[PDB]
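One structure is given here, and the rest of the page talks about it.
Numbering (PDB author numbering), first residue to last: 1 to 330.
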């Protein structure tokens, strides 16, 4: 089997991407944030504290003839950005782009933190990291990909995120028309539960490539590119007037600037992030100070190849017995 679904930016900055997911019988379609940095499929629901729902579409398990309470199971998750959610668990039928999993754990939120409430466009998350990170207790549950894998034509999924435009998540096949050149594959460590890999270096604009190992994670659920302070300083030094602002919480730059590109290495291959991908717009409405899309990972504890990086590539998440990651230009 295979599946193919369009993923759409939630706003004009590409702050996140939503993908429609069918849950239950009859189908209830929710727009979920596909997150290769976590491993829970959770949704706003009829069980969510009413004051914490503000415009989201909810899953109502009582209206699904295939929903079953997973007795005794609870979940609770906290994300890198400080947000969180928790609740109980159903199993139900879940379909993405024509690919169906029966008996998928659907984690129903009883509580969500303010940032989730405040974002009316995201109805929940669909985790695509390794199932070892799944938070369901006392019996850990599998991700949608893990459940689908054996049925897929090939045990892979691909992320093709757009810049200021829709893109695609495919399951079970590689669309050879969706990228240019070849796909370069690189080793993955699953020891921390992430799609963790090592970039071979970077360049800023038309500058020379610096060969240096940068361990980090491929994370579709993180907006920005978080890299070591040395790398980030070298980038922003090429932008007149750019500075790190403790009050804003990262590097800012004059909105009048033209930003240089940023290149990262995948083996001997190179992925180029155009400068415009690095512009996240005014820090507050009407400001002429703009927020940068490349930020320091210092104090995160890990480098993160988030959407800013991934959207410059066609990315293969290869879930073979020994997982690997592939990157192509597009």
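We put the beta carbon where it would ideally sit given N, CA and C, even for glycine.
Can you list, in chain order, the residues of its chain whose CB lies under 8 Å from that of residue i, leaving out five sequence neighbours each side?
{"i": "residue 298", "result": "228, 229"}
{"i": "residue 242", "result": "236, 251, 252, 253, 254, 257, 292"}
{"i": "residue 193", "result": "39, 129, 130, 132, 133"}
{"i": "residue 209", "result": "201, 202, 203, 263, 265, 270"}
{"i": "residue 74", "result": "86, 87, 88, 89, 136, 137"}
{"i": "residue 54", "result": "117, 118, 120"}
{"i": "residue 164", "result": "9, 12, 14"}
{"i": "residue 176", "result": "none"}
{"i": "residue 300", "result": "80, 226"}
In the DSSP assignment, find the unbroken beta strand (DSSP E) run with residue i in it and report its ends.
{"i": "residue 35", "result": "28 to 35"}
{"i": "residue 289", "result": "289 to 292"}
{"i": "residue 315", "result": "314 to 318"}
{"i": "residue 135", "result": "First-last for residue 135: undefined, no H or E at that position."}
{"i": "residue 73", "result": "68 to 78"}
{"i": "residue 253", "result": "250 to 254"}
{"i": "residue 280", "result": "279 to 282"}
{"i": "residue 41", "result": "41 to 43"}
Whole angstroms are fine: how far does the CA of residue j sit from the CA of residue i?
{"i": "residue 147", "j": "residue 153", "result": "14 Å"}
{"i": "residue 279", "j": "residue 63", "result": "43 Å"}
{"i": "residue 226", "j": "residue 189", "result": "19 Å"}
{"i": "residue 130", "j": "residue 36", "result": "8 Å"}
{"i": "residue 294", "j": "residue 198", "result": "18 Å"}
{"i": "residue 310", "j": "residue 159", "result": "8 Å"}
{"i": "residue 98", "j": "residue 5", "result": "8 Å"}
{"i": "residue 22", "j": "residue 289", "result": "41 Å"}
{"i": "residue 178", "j": "residue 2", "result": "16 Å"}
{"i": "residue 12", "j": "residue 185", "result": "31 Å"}
{"i": "residue 191", "j": "residue 132", "result": "9 Å"}
{"i": "residue 10", "j": "residue 206", "result": "32 Å"}
{"i": "residue 166", "j": "residue 24", "result": "26 Å"}
{"i": "residue 58", "j": "residue 171", "result": "25 Å"}
{"i": "residue 157", "j": "residue 224", "result": "21 Å"}
{"i": "residue 351", "j": "residue 233", "result": "An answer regarding residue 351 cannot be provided, because it is not within the stretch 1 to 330 covered by the chain."}
{"i": "residue 69", "j": "residue 283", "result": "44 Å"}
{"i": "residue 120", "j": "residue 28", "result": "17 Å"}
{"i": "residue 244", "j": "residue 41", "result": "35 Å"}
{"i": "residue 220", "j": "residue 307", "result": "6 Å"}
{"i": "residue 334", "j": "residue 80", "result": "Residue numbering for the chain in the displayed model covers 1 to 330; residue 334 lies beyond these limits and cannot be assessed."}
{"i": "residue 322", "j": "residue 286", "result": "49 Å"}
{"i": "residue 135", "j": "residue 246", "result": "33 Å"}
{"i": "residue 141", "j": "residue 276", "result": "39 Å"}
{"i": "residue 335", "j": "residue 312", "result": "The structure shown has nothing for residue 335, since the chain only spans 1 to 330."}
{"i": "residue 326", "j": "residue 272", "result": "15 Å"}
{"i": "residue 115", "j": "residue 82", "result": "9 Å"}
{"i": "residue 17", "j": "residue 211", "result": "32 Å"}
Check the DSSP bridge columns for residue i and list the partner residues they point to.
{"i": "residue 9", "result": "17"}
{"i": "residue 161", "result": "Partner(s): none; residue 161 has no beta bridge."}
{"i": "residue 89", "result": "107"}
{"i": "residue 269", "result": "266"}
{"i": "residue 304", "result": "217, 226"}
{"i": "residue 84", "result": "78"}
{"i": "residue 127", "result": "35"}
{"i": "residue 99", "result": "96"}
{"i": "residue 156", "result": "318"}
{"i": "residue 23", "result": "28, 94"}
{"i": "residue 296", "result": "227"}
{"i": "residue 3", "result": "171"}
Give me, in chain order, the residues of the same chain whose beta-carbon lies closer than 6 Å to that of residue i; leave out the 5 immediate sequence neighbours on both sides.
{"i": "residue 61", "result": "67, 90"}
{"i": "residue 314", "result": "160, 178, 179, 328, 330"}
{"i": "residue 78", "result": "84"}
{"i": "residue 318", "result": "156, 324"}
{"i": "residue 46", "result": "58, 60"}
{"i": "residue 320", "result": "155"}
{"i": "residue 96", "result": "3, 5, 21"}
Which first and last residues belong to the alpha helix (DSSP H) in which residue i is found?
{"i": "residue 309", "result": "307 to 310"}
{"i": "residue 324", "result": "Per DSSP, residue 324 belongs to no alpha helix (DSSP H); it is in the beta strand (DSSP E), 324 to 328."}
{"i": "residue 146", "result": "144 to 148"}
{"i": "residue 117", "result": "114 to 117"}
Using a beta-carbon distance below 8 Å, is residue i in contact with chain B?
{"i": "residue 276", "result": "Here there is only one protein chain, and chain B is not present."}
Only counting the same chain, and skipping five residues up and downstream in sequence, which positions put a Cβ closer than 7 Å to that of residue i?
{"i": "residue 303", "result": "214, 215, 216, 226, 227, 228, 297"}
{"i": "residue 103", "result": "91"}
{"i": "residue 123", "result": "30, 31, 32, 43, 44, 56, 57"}
TODO: Kindly provide the ranges of any beta strand (DSSP E) runs that are 3 or more residues long and lie completely inside the segment 169 to 248, ordered along the chain.
DONE: Complete beta strand (DSSP E) runs here, min 3: 184 to 187, 196 to 204, 210 to 218, 225 to 227, 243 to 245.
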